[PDB]
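[1] Got an experimental structure here, sequence first:
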Amino acid sequence: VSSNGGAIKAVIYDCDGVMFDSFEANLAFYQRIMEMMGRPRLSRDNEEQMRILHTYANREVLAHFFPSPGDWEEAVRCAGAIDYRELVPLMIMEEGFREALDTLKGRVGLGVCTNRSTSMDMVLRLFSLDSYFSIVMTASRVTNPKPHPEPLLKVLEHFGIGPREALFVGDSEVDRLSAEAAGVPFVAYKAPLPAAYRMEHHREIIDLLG
Ligand SMILES: [Mg+2]
């Protein structure tokens, strides 16, 4: 509603690494693929396997664990058979995030800016966060997703504000580059990124609205 006397009229959040931790959801996704393929389960104690799950993308993860001829095609078939709606409850909300939204609601406009395509609206519904955000920017709602400025430029047009009247909270370089190209002050969340502000806990956002 923007009742804040400070310069910030809206706070925009990235999803993965900022609102939620999806490691347990991504791990359960590949564990189920191993079970359907009759392969041994992945181990949390295996550093290389966990490095692959943290850094590699979906296609390259399957291409890595299934190098035997014919197995990759069956692995992609198993991945597409899994209903991701069963994996959303495995996502772990970042500590103090809902409490921070409750502190912001009515004081500033609230938005989401994610590179997710279909899942974001379902994530907000299942975690009861769909009462907070007036704009939910996804990859399916822009021609050019992050690190392009388009999604953040649509957020400024949505609230009818200037770039320096908004904050974008992100944990990745693509979040920072999108904010830089849009001219929106960036807030680094638990990340080593050059930013206007940084946060180690979500409760700090109430002090960055000046
Ligand atoms: Mg992120």
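    Structure's in. What do you need? Residues are numbered from 1 along each chain as shown.
[2] So which residues make contact with stretch 29-38?
    Outside of stretch 29-38, the residues within contact range by Cβ atoms under 8 Å, 6 or more residues apart in numbering are 39-42, 53, 61-62, 65-66, 71, 74-75, 78-79, 81-82, 84, 87. All C-beta spots, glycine's among them, are computed from the backbone N, C-alpha and C.
[3] and those residues, which are buried?
    42, 53, 61-62, 65-66, 75, 78-79, 87 (16 or more other Cβ atoms under 10 Å).
[4] Would you reformat those as JSON lines and include distance to residue 30 and secondary structure?
    Output for these, formatted as JSON lines (distance: Cβ to Cβ, whole Å; DSSP: H, G, I helix; E, B strand; the rest coil):
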{"residue": "42", "distance to residue 30": "6", "secondary structure": "coil"}
{"residue": "53", "distance to residue 30": "7", "secondary structure": "helix"}
{"residue": "61", "distance to residue 30": "6", "secondary structure": "helix"}
{"residue": "62", "distance to residue 30": "8", "secondary structure": "helix"}
{"residue": "65", "distance to residue 30": "8", "secondary structure": "helix"}
{"residue": "66", "distance to residue 30": "11", "secondary structure": "coil"}
{"residue": "75", "distance to residue 30": "10", "secondary structure": "helix"}
{"residue": "78", "distance to residue 30": "10", "secondary structure": "helix"}
{"residue": "79", "distance to residue 30": "9", "secondary structure": "helix"}
{"residue": "87", "distance to residue 30": "11", "secondary structure": "coil"}
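[5] got the contact list for residue 199?
    Per Cβ under 8 Å, 6+ apart, neighbours of residue 199: 169, 187-190, 205, 208.
[6] Narrow those to those that are buried.
    So, by 16+ other Cβ under 10 Å, the buried ones in these are 169, 187-189, 205, 208.
[7] Same list (those) but as JSON lines, adding secondary structure and distance to residue 27.
    Output for the buried ones among the contacts of residue 199, formatted as JSON lines (DSSP: H, G, I helix; E, B strand; the rest coil; distance: Cβ to Cβ, whole Å):
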{"residue": "169", "secondary structure": "strand", "distance to residue 27": "25"}
{"residue": "187", "secondary structure": "strand", "distance to residue 27": "28"}
{"residue": "188", "secondary structure": "strand", "distance to residue 27": "26"}
{"residue": "189", "secondary structure": "strand", "distance to residue 27": "22"}
{"residue": "205", "secondary structure": "helix", "distance to residue 27": "29"}
{"residue": "208", "secondary structure": "coil", "distance to residue 27": "33"}
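[8] contacts with the ion among those residues, please.
    When Cβ under 5 Å from the ion is applied, no member of the buried ones among the contacts of residue 199 is adjacent to the ion.
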